[PDB]
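Quick look at run-v3.txt (compact mmCIF, C-alpha atoms and all ligand atoms):
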# COMPACT_ATOMS: atom_id res chain seq x y z
CA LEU A 14 -7.64 -23.84 12.27
CA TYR A 15 -11.07 -23.19 11.03
CA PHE A 16 -10.37 -20.57 8.49
CA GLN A 17 -7.73 -22.68 6.85
CA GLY A 18 -9.98 -25.75 7.12
CA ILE A 19 -12.71 -23.97 5.16
CA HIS A 20 -10.44 -23.32 2.20
CA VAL A 21 -9.08 -26.87 2.35
CA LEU A 22 -12.59 -28.46 2.36
CA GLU A 23 -13.86 -26.25 -0.41
CA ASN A 24 -10.82 -27.10 -2.55
CA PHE A 25 -11.48 -30.82 -1.90
CA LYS A 26 -15.08 -30.41 -3.04
CA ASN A 27 -13.87 -28.62 -6.15
CA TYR A 28 -11.36 -31.42 -6.97
CA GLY A 29 -14.20 -33.97 -6.81
CA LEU A 30 -16.63 -31.95 -8.90
CA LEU A 31 -14.11 -31.34 -11.62
CA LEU A 32 -13.55 -35.12 -11.85
CA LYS A 33 -17.33 -35.63 -12.02
CA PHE A 34 -17.67 -32.96 -14.73
CA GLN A 35 -15.00 -34.57 -17.00
CA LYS A 36 -16.37 -38.12 -16.45
CA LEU A 37 -19.91 -36.96 -17.32
CA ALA A 38 -18.60 -35.26 -20.45
CA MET A 39 -16.93 -38.53 -21.47
CA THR A 40 -20.15 -40.46 -20.86
CA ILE A 41 -22.11 -37.95 -22.98
CA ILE A 42 -19.55 -38.47 -25.77
CA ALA A 43 -19.95 -42.24 -25.51
CA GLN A 44 -23.75 -41.97 -25.62
CA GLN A 45 -24.23 -39.21 -28.17
CA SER A 46 -21.26 -38.99 -30.52
CA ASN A 47 -22.07 -41.78 -32.96
CA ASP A 48 -18.33 -41.84 -33.68
CA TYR A 49 -17.11 -45.16 -35.09
CA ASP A 50 -13.99 -45.35 -32.93
CA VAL A 51 -16.04 -44.60 -29.81
CA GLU A 52 -18.64 -47.18 -30.86
CA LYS A 53 -15.99 -49.77 -31.31
CA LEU A 54 -14.77 -49.13 -27.68
CA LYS A 55 -18.38 -49.57 -26.60
CA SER A 56 -18.33 -52.95 -28.36
CA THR A 57 -15.22 -53.93 -26.35
CA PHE A 58 -17.02 -53.01 -23.13
CA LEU A 59 -19.97 -55.18 -24.15
CA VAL A 60 -17.60 -58.14 -24.57
CA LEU A 61 -15.97 -57.51 -21.18
CA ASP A 62 -19.31 -57.06 -19.35
CA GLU A 63 -20.24 -60.71 -19.68
CA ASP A 64 -23.15 -60.60 -17.15
CA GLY A 65 -24.69 -57.41 -18.57
CA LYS A 66 -24.35 -55.45 -15.35
CA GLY A 67 -22.96 -52.19 -16.67
CA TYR A 68 -19.78 -52.65 -14.72
CA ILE A 69 -16.96 -55.10 -14.63
CA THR A 70 -14.89 -56.53 -11.82
CA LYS A 71 -11.14 -56.14 -11.85
CA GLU A 72 -10.95 -59.92 -12.55
CA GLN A 73 -13.26 -59.65 -15.53
CA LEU A 74 -11.24 -56.82 -16.99
CA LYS A 75 -7.94 -58.72 -16.56
CA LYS A 76 -9.31 -62.00 -17.90
CA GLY A 77 -11.00 -60.26 -20.82
CA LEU A 78 -7.79 -58.53 -21.87
CA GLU A 79 -5.82 -61.72 -21.45
CA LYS A 80 -8.37 -63.49 -23.72
CA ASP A 81 -7.47 -60.89 -26.38
CA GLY A 82 -3.86 -62.14 -26.27
CA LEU A 83 -2.44 -59.21 -24.30
CA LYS A 84 0.41 -59.29 -21.76
CA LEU A 85 -0.67 -57.13 -18.85
CA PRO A 86 1.82 -55.09 -16.88
CA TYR A 87 2.76 -56.74 -13.69
CA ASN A 88 1.55 -53.49 -11.95
CA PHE A 89 -1.87 -53.71 -13.59
CA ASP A 90 -3.57 -53.89 -10.24
CA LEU A 91 -2.40 -50.37 -9.39
CA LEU A 92 -3.59 -49.21 -12.77
CA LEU A 93 -6.98 -50.76 -12.15
CA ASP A 94 -7.19 -48.86 -8.85
CA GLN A 95 -6.50 -45.67 -10.75
CA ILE A 96 -9.15 -46.49 -13.36
CA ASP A 97 -11.63 -47.14 -10.58
CA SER A 98 -11.70 -43.33 -10.01
CA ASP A 99 -14.74 -43.42 -7.67
CA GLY A 100 -13.23 -46.15 -5.53
CA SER A 101 -16.15 -48.49 -5.72
CA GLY A 102 -13.97 -51.54 -6.33
CA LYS A 103 -15.45 -52.24 -9.79
CA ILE A 104 -15.04 -50.50 -13.16
CA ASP A 105 -18.26 -49.04 -14.45
CA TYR A 106 -19.01 -48.06 -18.00
CA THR A 107 -18.16 -44.44 -17.34
CA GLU A 108 -14.74 -45.32 -15.85
CA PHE A 109 -13.93 -47.67 -18.70
CA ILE A 110 -14.70 -44.94 -21.22
CA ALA A 111 -12.88 -42.25 -19.19
CA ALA A 112 -9.62 -44.45 -19.27
CA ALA A 113 -9.92 -46.17 -22.59
CA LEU A 114 -11.05 -43.10 -24.73
CA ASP A 115 -7.75 -41.16 -24.76
CA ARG A 116 -8.19 -37.44 -24.51
CA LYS A 117 -5.92 -36.98 -27.44
CA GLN A 118 -8.39 -38.73 -29.67
CA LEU A 119 -11.15 -36.22 -28.79
CA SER A 120 -11.62 -34.18 -31.95
CA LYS A 121 -13.40 -30.79 -31.97
CA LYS A 122 -16.55 -32.63 -33.03
CA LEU A 123 -16.38 -35.03 -30.10
CA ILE A 124 -15.77 -32.30 -27.59
CA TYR A 125 -18.63 -30.22 -29.05
CA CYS A 126 -20.93 -33.15 -28.59
CA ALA A 127 -20.45 -32.84 -24.81
CA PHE A 128 -20.25 -29.03 -24.80
CA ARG A 129 -23.71 -28.59 -26.36
CA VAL A 130 -25.32 -30.67 -23.59
CA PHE A 131 -23.89 -28.52 -20.81
CA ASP A 132 -24.73 -25.36 -22.82
CA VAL A 133 -28.42 -26.07 -22.30
CA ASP A 134 -29.71 -22.96 -24.10
CA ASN A 135 -27.30 -23.18 -26.95
CA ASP A 136 -25.97 -19.62 -26.67
CA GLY A 137 -22.28 -20.74 -26.79
CA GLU A 138 -21.61 -20.26 -23.07
CA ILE A 139 -22.09 -22.65 -20.19
CA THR A 140 -23.42 -20.68 -17.21
CA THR A 141 -23.39 -21.67 -13.54
CA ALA A 142 -27.12 -22.34 -13.59
CA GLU A 143 -26.91 -24.58 -16.68
CA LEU A 144 -23.99 -26.59 -15.36
CA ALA A 145 -25.61 -26.99 -11.93
CA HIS A 146 -28.84 -28.25 -13.43
CA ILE A 147 -27.00 -30.83 -15.59
CA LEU A 148 -24.80 -32.03 -12.68
CA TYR A 149 -27.49 -32.06 -9.98
CA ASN A 150 -30.89 -32.49 -11.81
CA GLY A 151 -29.53 -34.49 -14.84
CA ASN A 152 -31.36 -32.18 -17.20
CA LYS A 153 -32.33 -28.55 -17.75
CA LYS A 154 -35.25 -28.39 -15.36
CA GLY A 155 -35.60 -28.51 -11.62
CA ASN A 156 -34.75 -27.15 -8.25
CA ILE A 157 -31.21 -26.16 -7.21
CA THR A 158 -30.11 -23.93 -4.37
CA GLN A 159 -27.80 -20.93 -4.15
CA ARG A 160 -25.33 -23.15 -2.36
CA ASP A 161 -25.36 -25.43 -5.39
CA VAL A 162 -24.81 -22.51 -7.69
CA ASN A 163 -21.96 -21.24 -5.52
CA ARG A 164 -20.30 -24.67 -5.60
CA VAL A 165 -20.49 -24.72 -9.38
CA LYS A 166 -19.25 -21.15 -9.60
CA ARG A 167 -16.18 -22.11 -7.67
CA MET A 168 -15.58 -24.93 -10.16
CA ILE A 169 -16.08 -22.60 -13.25
CA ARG A 170 -13.41 -20.42 -11.78
CA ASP A 171 -10.92 -23.32 -12.45
CA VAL A 172 -11.89 -23.57 -16.16
CA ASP A 173 -12.67 -19.94 -17.09
CA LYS A 174 -9.86 -18.15 -19.00
CA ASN A 175 -11.44 -14.78 -19.68
CA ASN A 176 -13.05 -13.97 -16.31
CA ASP A 177 -16.61 -13.79 -17.53
CA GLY A 178 -17.86 -16.55 -15.19
CA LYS A 179 -18.97 -18.70 -18.13
CA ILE A 180 -17.35 -21.58 -20.01
CA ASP A 181 -17.06 -21.23 -23.81
CA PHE A 182 -16.08 -23.97 -26.21
CA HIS A 183 -12.41 -23.14 -26.12
CA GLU A 184 -12.32 -23.19 -22.34
CA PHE A 185 -14.25 -26.44 -22.25
CA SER A 186 -11.87 -28.02 -24.73
CA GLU A 187 -8.91 -26.95 -22.61
CA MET A 188 -10.43 -28.78 -19.67
CA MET A 189 -11.01 -31.92 -21.69
CA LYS A 190 -7.64 -32.00 -23.35
CA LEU A 191 -4.32 -31.83 -21.55
CA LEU B 14 -10.00 -58.73 -30.49
CA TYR B 15 -6.33 -58.37 -30.07
CA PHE B 16 -5.72 -55.37 -32.19
CA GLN B 17 -8.39 -53.42 -30.42
CA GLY B 18 -7.17 -54.73 -27.06
CA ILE B 19 -3.70 -53.34 -27.72
CA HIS B 20 -4.98 -49.82 -28.22
CA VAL B 21 -7.25 -50.11 -25.18
CA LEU B 22 -4.39 -51.31 -22.89
CA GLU B 23 -1.99 -48.69 -24.13
CA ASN B 24 -4.59 -45.96 -23.54
CA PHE B 25 -5.11 -47.31 -19.99
CA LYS B 26 -1.38 -47.13 -19.34
CA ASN B 27 -1.33 -43.57 -20.66
CA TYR B 28 -4.26 -42.54 -18.37
CA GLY B 29 -2.32 -43.83 -15.35
CA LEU B 30 0.97 -42.20 -16.29
CA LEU B 31 -0.63 -38.84 -16.86
CA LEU B 32 -2.12 -39.03 -13.34
CA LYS B 33 1.32 -39.96 -11.97
CA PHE B 34 2.97 -37.08 -13.86
CA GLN B 35 0.54 -34.43 -12.45
CA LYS B 36 0.75 -35.85 -8.88
CA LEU B 37 4.57 -35.80 -9.01
CA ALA B 38 4.49 -32.23 -10.27
CA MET B 39 2.28 -31.29 -7.30
CA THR B 40 4.64 -33.02 -4.88
CA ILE B 41 7.62 -31.16 -6.38
CA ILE B 42 5.71 -27.89 -5.87
CA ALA B 43 5.01 -28.81 -2.24
CA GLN B 44 8.67 -29.69 -1.64
CA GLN B 45 10.43 -26.98 -3.62
CA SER B 46 8.23 -23.90 -3.99
CA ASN B 47 8.78 -22.21 -0.64
CA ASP B 48 5.42 -20.53 -1.26
CA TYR B 49 3.70 -19.35 1.92
CA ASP B 50 0.24 -20.61 0.95
CA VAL B 51 1.67 -24.01 0.04
CA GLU B 52 3.65 -24.10 3.29
CA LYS B 53 0.57 -23.34 5.26
CA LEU B 54 -1.21 -26.37 3.62
CA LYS B 55 1.81 -28.44 4.61
CA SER B 56 1.25 -27.24 8.19
CA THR B 57 -2.38 -28.47 8.00
CA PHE B 58 -1.16 -31.88 6.85
CA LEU B 59 1.25 -32.02 9.78
CA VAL B 60 -1.68 -31.42 12.16
CA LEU B 61 -3.79 -34.12 10.49
CA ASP B 62 -0.94 -36.69 10.41
CA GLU B 63 -0.98 -37.16 14.16
CA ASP B 64 1.21 -40.34 14.17
CA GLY B 65 3.83 -38.94 11.78
CA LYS B 66 3.32 -41.61 9.16
CA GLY B 67 3.19 -39.50 6.02
CA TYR B 68 -0.35 -40.57 5.34
CA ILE B 69 -3.67 -40.26 7.03
CA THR B 70 -6.62 -42.59 7.33
CA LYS B 71 -10.03 -41.50 6.13
CA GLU B 72 -11.06 -41.34 9.84
CA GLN B 73 -8.16 -39.09 10.72
CA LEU B 74 -8.97 -36.73 7.89
CA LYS B 75 -12.66 -36.53 8.87
CA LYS B 76 -11.97 -36.11 12.58
CA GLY B 77 -9.27 -33.53 11.91
CA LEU B 78 -11.58 -31.41 9.78
CA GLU B 79 -14.38 -31.75 12.29
CA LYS B 80 -11.95 -30.54 15.01
CA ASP B 81 -11.50 -27.38 12.90
CA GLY B 82 -15.24 -26.70 13.26
CA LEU B 83 -16.23 -27.76 9.74
CA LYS B 84 -19.48 -29.43 8.64
CA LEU B 85 -18.54 -32.17 6.22
CA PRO B 86 -20.76 -33.06 3.30
CA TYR B 87 -22.80 -36.10 4.00
CA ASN B 88 -21.18 -37.59 0.80
CA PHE B 89 -17.67 -36.99 2.12
CA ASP B 90 -16.87 -40.66 1.96
CA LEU B 91 -17.21 -40.64 -1.83
CA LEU B 92 -15.03 -37.56 -1.96
CA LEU B 93 -12.41 -39.30 0.15
CA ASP B 94 -12.43 -42.21 -2.31
CA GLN B 95 -11.80 -39.74 -5.10
CA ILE B 96 -8.96 -38.09 -3.18
CA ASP B 97 -7.43 -41.51 -2.59
CA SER B 98 -6.47 -41.50 -6.32
CA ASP B 99 -4.16 -44.56 -6.06
CA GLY B 100 -6.79 -46.59 -4.24
CA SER B 101 -4.64 -47.55 -1.32
CA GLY B 102 -7.37 -46.83 1.22
CA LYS B 103 -5.39 -44.04 2.95
CA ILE B 104 -4.56 -40.46 1.91
CA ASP B 105 -0.87 -39.88 1.51
CA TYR B 106 0.89 -36.56 1.49
CA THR B 107 0.92 -36.43 -2.28
CA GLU B 108 -2.85 -37.05 -2.52
CA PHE B 109 -3.61 -34.47 0.14
CA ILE B 110 -1.59 -31.87 -1.76
CA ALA B 111 -3.03 -32.92 -5.15
CA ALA B 112 -6.65 -32.29 -3.76
CA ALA B 113 -6.10 -29.47 -1.36
CA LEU B 114 -3.73 -27.28 -3.58
CA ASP B 115 -6.29 -26.08 -6.16
CA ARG B 116 -4.94 -25.88 -9.65
CA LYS B 117 -6.29 -22.42 -9.98
CA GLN B 118 -3.95 -21.22 -7.28
CA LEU B 119 -0.88 -22.42 -9.24
CA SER B 120 0.81 -19.24 -10.42
CA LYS B 121 3.39 -19.20 -13.24
CA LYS B 122 6.09 -19.31 -10.56
CA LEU B 123 4.63 -22.41 -8.94
CA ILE B 124 4.23 -24.23 -12.20
CA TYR B 125 7.79 -23.30 -13.24
CA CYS B 126 9.06 -24.79 -10.03
CA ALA B 127 7.86 -28.22 -11.23
CA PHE B 128 8.69 -27.60 -14.91
CA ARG B 129 12.39 -26.98 -14.23
CA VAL B 130 12.73 -30.36 -12.47
CA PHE B 131 11.34 -32.30 -15.42
CA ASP B 132 13.43 -30.15 -17.81
CA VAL B 133 16.58 -31.74 -16.43
CA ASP B 134 19.03 -29.92 -18.72
CA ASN B 135 17.35 -26.59 -18.45
CA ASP B 136 17.00 -25.97 -22.18
CA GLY B 137 13.27 -25.02 -21.92
CA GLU B 138 11.93 -28.31 -23.31
CA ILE B 139 11.10 -31.54 -21.54
CA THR B 140 12.21 -34.45 -23.74
CA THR B 141 11.10 -38.07 -23.58
CA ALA B 142 14.42 -39.13 -22.10
CA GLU B 143 14.31 -36.46 -19.36
CA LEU B 144 10.75 -37.24 -18.39
CA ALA B 145 11.39 -40.99 -18.37
CA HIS B 146 14.41 -40.62 -16.13
CA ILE B 147 12.48 -38.46 -13.63
CA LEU B 148 9.44 -40.81 -13.59
CA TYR B 149 11.35 -44.10 -13.54
CA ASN B 150 14.83 -43.34 -11.98
CA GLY B 151 13.70 -40.39 -9.74
CA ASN B 152 16.56 -38.29 -11.04
CA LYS B 153 18.56 -37.49 -14.15
CA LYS B 154 20.81 -40.52 -14.16
CA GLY B 155 20.27 -44.20 -14.76
CA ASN B 156 19.09 -46.98 -16.95
CA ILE B 157 15.81 -46.87 -18.91
CA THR B 158 14.74 -48.94 -21.87
CA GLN B 159 13.34 -48.09 -25.30
CA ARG B 160 10.02 -49.45 -24.11
CA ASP B 161 10.12 -46.92 -21.29
CA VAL B 162 10.90 -44.15 -23.71
CA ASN B 163 8.09 -45.26 -26.01
CA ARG B 164 5.63 -45.25 -23.09
CA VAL B 165 6.63 -41.70 -22.21
CA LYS B 166 6.48 -40.63 -25.83
CA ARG B 167 2.92 -41.79 -26.02
CA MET B 168 2.16 -39.67 -22.94
CA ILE B 169 3.93 -36.52 -24.39
CA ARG B 170 1.69 -36.88 -27.37
CA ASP B 171 -1.27 -36.00 -25.03
CA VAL B 172 0.40 -32.77 -23.79
CA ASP B 173 2.31 -31.56 -26.87
CA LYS B 174 0.59 -28.71 -28.80
CA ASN B 175 3.12 -28.00 -31.51
CA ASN B 176 4.09 -31.52 -32.64
CA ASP B 177 7.75 -31.28 -31.75
CA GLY B 178 7.66 -34.25 -29.34
CA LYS B 179 8.78 -32.08 -26.42
CA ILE B 180 6.91 -30.28 -23.65
CA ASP B 181 7.57 -26.53 -23.25
CA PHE B 182 6.46 -24.39 -20.35
CA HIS B 183 3.22 -23.37 -21.98
CA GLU B 184 2.27 -26.95 -22.75
CA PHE B 185 3.19 -28.04 -19.24
CA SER B 186 1.09 -25.26 -17.75
CA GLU B 187 -1.86 -26.33 -19.87
CA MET B 188 -1.59 -29.81 -18.42
CA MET B 189 -1.44 -28.51 -14.87
CA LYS B 190 -4.26 -26.03 -15.19
CA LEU B 191 -7.72 -26.83 -16.48
CA CA A 201 -15.78 -47.65 -9.81
CA CA A 202 -25.77 -21.23 -22.31
CA CA A 203 -15.16 -17.72 -19.95
CA CA A 204 -3.85 -43.42 -1.34
CA CA A 205 15.40 -30.31 -21.62
CA CA A 206 5.88 -29.17 -27.82
Could you render the structure as structure tokens?
Ligand SMILES: [Ca+2]
Ligand SMILES: [Ca+2]
Ligand SMILES: [Ca+2]
Ligand SMILES: [Ca+2]
Ligand SMILES: [Ca+2]
Ligand SMILES: [Ca+2]
Amino acid sequence: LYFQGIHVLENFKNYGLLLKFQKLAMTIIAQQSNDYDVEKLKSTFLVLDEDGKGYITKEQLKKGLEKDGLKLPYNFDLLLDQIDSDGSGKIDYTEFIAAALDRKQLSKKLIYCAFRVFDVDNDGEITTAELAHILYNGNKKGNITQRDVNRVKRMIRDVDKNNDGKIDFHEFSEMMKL
Amino acid sequence: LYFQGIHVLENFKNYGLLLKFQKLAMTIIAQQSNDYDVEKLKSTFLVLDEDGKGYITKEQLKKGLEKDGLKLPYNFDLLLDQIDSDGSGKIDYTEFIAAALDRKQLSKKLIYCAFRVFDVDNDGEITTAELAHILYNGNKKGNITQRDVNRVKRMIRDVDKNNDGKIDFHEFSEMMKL
């Protein structure tokens, strides 16, 4: 059934975009926060990434943690598959941050650091057009289509709490924190 | 560094458990809700699962959606890797539900359906011991260790909003919904 298929596919697309949105927020925090604890995790990643690739193999991650003196869970391979959230087979910087930087540790300041990038115009509200340009252009400027805007609108609907079609700081924080 | 490694590993374990907790909640909703919209998604999965295995290959999912008349995104393979959240290579029932059943569509009734399973004793609060027994024993009864309880405690800390070490309905709903 087609009609049912439509809603299924669109929900799938939404699931993926929401994952992308949170991972990009985490990456923005790692790049822009200047927070000591975050910087120290970035130092760990530097140590693990022994070839300077920007990503680490599952072997490198295991060996690197073992070199620290840790006893890994026997089920660590399943965990590594979960950390590899894009399924590429390797753990990139963004995935390492997104699993190692506990959401609980994200203070208001850290979450604001990401919020203010998505809120391009700094009015306190992330709009569909702002979010689409960050996700699809990487920056404030550039071409996006009404289909793109509609896709992002559907994703705002999952985060919005006051039915205004925009994401405020509170709403954003409730997405970032469980 | 060992000390830093410890906190990294424990955060990784937490990330994985939180994913497990949400996916199990979704599965409980699919099994126990008796909600028409959820039942209709379950009918879709039955159609896709043509060999009656309980899981579908990426090919089966693509072909099945194409048979519905849908135009899949050219990047659907990346999406499928994201849906395959355990990295097994195939999409099981639980993953299909967890991506197709939009969180937005989870009414109070649907979320309560999962809540009351984790709140084994029905006192309105999910405790560490209750959650550990559901995650590790599958049911209320059975052996778990203090290490197990400590692992679950660390995960409650990510969901708790009033510092009581227990998860109430509101807190649970804030985990389930973005
Ligand atoms: Ca990856
Ligand atoms: Ca704005
Ligand atoms: Ca809003
Ligand atoms: Ca799978
Ligand atoms: Ca209870
Ligand atoms: Ca609580």
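Remark: for residue 73 of chain A, the closest of the candidate residues A:177, A:105, A:161, A:187 is A:105 (distances computed over only C-alpha atoms).
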* To do: Give the residues close to ligand CA 205 (chain A), within 10 Å, counting all atoms listed in the file; write them as a PyMOL selection string.
  => chain B and resi 128-144+179-181
* Check: which chain B residues lie within 9 Å of chain A using all atoms listed in the file, as number ranges by chain -> B: 14-29, 32, 53-54, 57, 78, 80-83, 85-86, 89, 91-102, 109, 111-118, 170-173, 184-185, 187-191
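Between atom CA of residue 69 of chain B and atom CA of residue 103 of chain B lies a distance of 5.8 Å.
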Return the padded bounding box of segment 172-178 of chain A as AutoDock Vina command-line options: axis-aligned, built from all atoms listed in the file, 3 Å added on each side, with centre and edge lengths in Å to one decimal.
--center_x -13.9 --center_y -18.7 --center_z -17.4 --size_x 14.0 --size_y 15.8 --size_z 10.5
* Structure fact -> atom CA of residue 41 of chain B sits from atom CA of residue 159 of chain B at a separation of 26.0 Å
* What residues have an atom no more than 12 Å from (5.0, -34.1, 1.1) in the file's own frame, counting only C-alpha atoms, and can you write them as a PyMOL selection string? -> chain B and resi 36-46+51-52+54-59+62+65-68+104-111
Could you add whatever atoms are missing so that segment 48-77 of chain A carries N, CA and C atoms, then write the result as a PDB file, in the frame of the given file?
ATOM      1  N   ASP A  48     -19.659 -41.761 -33.051  1.00  0.00           N
ATOM      2  CA  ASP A  48     -18.330 -41.840 -33.680  1.00  0.00           C
ATOM      3  C   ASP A  48     -17.885 -43.319 -33.707  1.00  0.00           C
ATOM      4  N   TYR A  49     -17.434 -43.745 -34.869  1.00  0.00           N
ATOM      5  CA  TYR A  49     -17.110 -45.160 -35.090  1.00  0.00           C
ATOM      6  C   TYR A  49     -16.116 -45.667 -34.084  1.00  0.00           C
ATOM      7  N   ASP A  50     -15.016 -44.930 -33.863  1.00  0.00           N
ATOM      8  CA  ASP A  50     -13.990 -45.350 -32.930  1.00  0.00           C
ATOM      9  C   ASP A  50     -14.570 -45.467 -31.521  1.00  0.00           C
ATOM     10  N   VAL A  51     -15.397 -44.492 -31.102  1.00  0.00           N
ATOM     11  CA  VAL A  51     -16.040 -44.600 -29.810  1.00  0.00           C
ATOM     12  C   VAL A  51     -16.997 -45.823 -29.752  1.00  0.00           C
ATOM     13  N   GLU A  52     -17.745 -46.031 -30.805  1.00  0.00           N
ATOM     14  CA  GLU A  52     -18.640 -47.180 -30.860  1.00  0.00           C
ATOM     15  C   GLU A  52     -17.926 -48.492 -30.810  1.00  0.00           C
ATOM     16  N   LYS A  53     -16.776 -48.570 -31.410  1.00  0.00           N
ATOM     17  CA  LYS A  53     -15.990 -49.770 -31.310  1.00  0.00           C
ATOM     18  C   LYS A  53     -15.495 -50.018 -29.858  1.00  0.00           C
ATOM     19  N   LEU A  54     -15.130 -48.939 -29.122  1.00  0.00           N
ATOM     20  CA  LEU A  54     -14.770 -49.130 -27.680  1.00  0.00           C
ATOM     21  C   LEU A  54     -15.990 -49.644 -26.930  1.00  0.00           C
ATOM     22  N   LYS A  55     -17.178 -49.121 -27.256  1.00  0.00           N
ATOM     23  CA  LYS A  55     -18.380 -49.570 -26.600  1.00  0.00           C
ATOM     24  C   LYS A  55     -18.580 -51.055 -26.902  1.00  0.00           C
ATOM     25  N   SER A  56     -18.249 -51.529 -28.104  1.00  0.00           N
ATOM     26  CA  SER A  56     -18.330 -52.950 -28.360  1.00  0.00           C
ATOM     27  C   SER A  56     -17.369 -53.770 -27.475  1.00  0.00           C
ATOM     28  N   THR A  57     -16.182 -53.280 -27.281  1.00  0.00           N
ATOM     29  CA  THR A  57     -15.220 -53.930 -26.350  1.00  0.00           C
ATOM     30  C   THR A  57     -15.804 -54.075 -24.928  1.00  0.00           C
ATOM     31  N   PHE A  58     -16.442 -52.988 -24.462  1.00  0.00           N
ATOM     32  CA  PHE A  58     -17.020 -53.010 -23.130  1.00  0.00           C
ATOM     33  C   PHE A  58     -18.138 -54.054 -23.050  1.00  0.00           C
ATOM     34  N   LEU A  59     -18.967 -54.171 -24.104  1.00  0.00           N
ATOM     35  CA  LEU A  59     -19.970 -55.180 -24.150  1.00  0.00           C
ATOM     36  C   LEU A  59     -19.422 -56.582 -23.986  1.00  0.00           C
ATOM     37  N   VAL A  60     -18.322 -56.874 -24.647  1.00  0.00           N
ATOM     38  CA  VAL A  60     -17.600 -58.140 -24.570  1.00  0.00           C
ATOM     39  C   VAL A  60     -17.089 -58.369 -23.164  1.00  0.00           C
ATOM     40  N   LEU A  61     -16.514 -57.366 -22.554  1.00  0.00           N
ATOM     41  CA  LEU A  61     -15.970 -57.510 -21.180  1.00  0.00           C
ATOM     42  C   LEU A  61     -17.063 -57.719 -20.136  1.00  0.00           C
ATOM     43  N   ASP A  62     -18.186 -57.046 -20.265  1.00  0.00           N
ATOM     44  CA  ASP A  62     -19.310 -57.060 -19.350  1.00  0.00           C
ATOM     45  C   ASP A  62     -20.189 -58.284 -19.611  1.00  0.00           C
ATOM     46  N   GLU A  63     -19.674 -59.442 -19.251  1.00  0.00           N
ATOM     47  CA  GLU A  63     -20.240 -60.710 -19.680  1.00  0.00           C
ATOM     48  C   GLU A  63     -21.594 -60.985 -19.018  1.00  0.00           C
ATOM     49  N   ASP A  64     -21.911 -60.382 -17.865  1.00  0.00           N
ATOM     50  CA  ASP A  64     -23.150 -60.600 -17.150  1.00  0.00           C
ATOM     51  C   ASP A  64     -24.138 -59.453 -17.408  1.00  0.00           C
ATOM     52  N   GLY A  65     -23.773 -58.480 -18.242  1.00  0.00           N
ATOM     53  CA  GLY A  65     -24.690 -57.410 -18.570  1.00  0.00           C
ATOM     54  C   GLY A  65     -25.085 -56.522 -17.400  1.00  0.00           C
ATOM     55  N   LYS A  66     -24.140 -56.254 -16.510  1.00  0.00           N
ATOM     56  CA  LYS A  66     -24.350 -55.450 -15.350  1.00  0.00           C
ATOM     57  C   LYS A  66     -24.145 -53.975 -15.534  1.00  0.00           C
ATOM     58  N   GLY A  67     -23.387 -53.574 -16.547  1.00  0.00           N
ATOM     59  CA  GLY A  67     -22.960 -52.190 -16.670  1.00  0.00           C
ATOM     60  C   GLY A  67     -21.677 -51.879 -16.003  1.00  0.00           C
ATOM     61  N   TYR A  68     -21.061 -52.809 -15.352  1.00  0.00           N
ATOM     62  CA  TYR A  68     -19.780 -52.650 -14.720  1.00  0.00           C
ATOM     63  C   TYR A  68     -19.103 -53.980 -14.719  1.00  0.00           C
ATOM     64  N   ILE A  69     -17.801 -53.928 -14.590  1.00  0.00           N
ATOM     65  CA  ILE A  69     -16.960 -55.100 -14.630  1.00  0.00           C
ATOM     66  C   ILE A  69     -16.060 -55.159 -13.393  1.00  0.00           C
ATOM     67  N   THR A  70     -15.834 -56.338 -12.896  1.00  0.00           N
ATOM     68  CA  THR A  70     -14.890 -56.530 -11.820  1.00  0.00           C
ATOM     69  C   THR A  70     -13.477 -56.432 -12.357  1.00  0.00           C
ATOM     70  N   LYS A  71     -12.521 -56.175 -11.462  1.00  0.00           N
ATOM     71  CA  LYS A  71     -11.140 -56.140 -11.850  1.00  0.00           C
ATOM     72  C   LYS A  71     -10.703 -57.478 -12.488  1.00  0.00           C
ATOM     73  N   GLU A  72     -11.173 -58.608 -11.967  1.00  0.00           N
ATOM     74  CA  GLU A  72     -10.950 -59.920 -12.550  1.00  0.00           C
ATOM     75  C   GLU A  72     -11.463 -60.063 -13.964  1.00  0.00           C
ATOM     76  N   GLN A  73     -12.703 -59.612 -14.184  1.00  0.00           N
ATOM     77  CA  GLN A  73     -13.260 -59.650 -15.530  1.00  0.00           C
ATOM     78  C   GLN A  73     -12.451 -58.850 -16.490  1.00  0.00           C
ATOM     79  N   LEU A  74     -12.007 -57.655 -16.088  1.00  0.00           N
ATOM     80  CA  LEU A  74     -11.240 -56.820 -16.990  1.00  0.00           C
ATOM     81  C   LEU A  74      -9.913 -57.524 -17.313  1.00  0.00           C
ATOM     82  N   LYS A  75      -9.197 -58.015 -16.312  1.00  0.00           N
ATOM     83  CA  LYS A  75      -7.940 -58.720 -16.560  1.00  0.00           C
ATOM     84  C   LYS A  75      -8.117 -59.871 -17.448  1.00  0.00           C
ATOM     85  N   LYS A  76      -9.053 -60.764 -17.082  1.00  0.00           N
ATOM     86  CA  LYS A  76      -9.310 -62.000 -17.900  1.00  0.00           C
ATOM     87  C   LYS A  76      -9.688 -61.667 -19.304  1.00  0.00           C
ATOM     88  N   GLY A  77     -10.535 -60.638 -19.473  1.00  0.00           N
ATOM     89  CA  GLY A  77     -11.000 -60.260 -20.820  1.00  0.00           C
ATOM     90  C   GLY A  77      -9.854 -59.769 -21.692  1.00  0.00           C
TER      91      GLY A  77
END
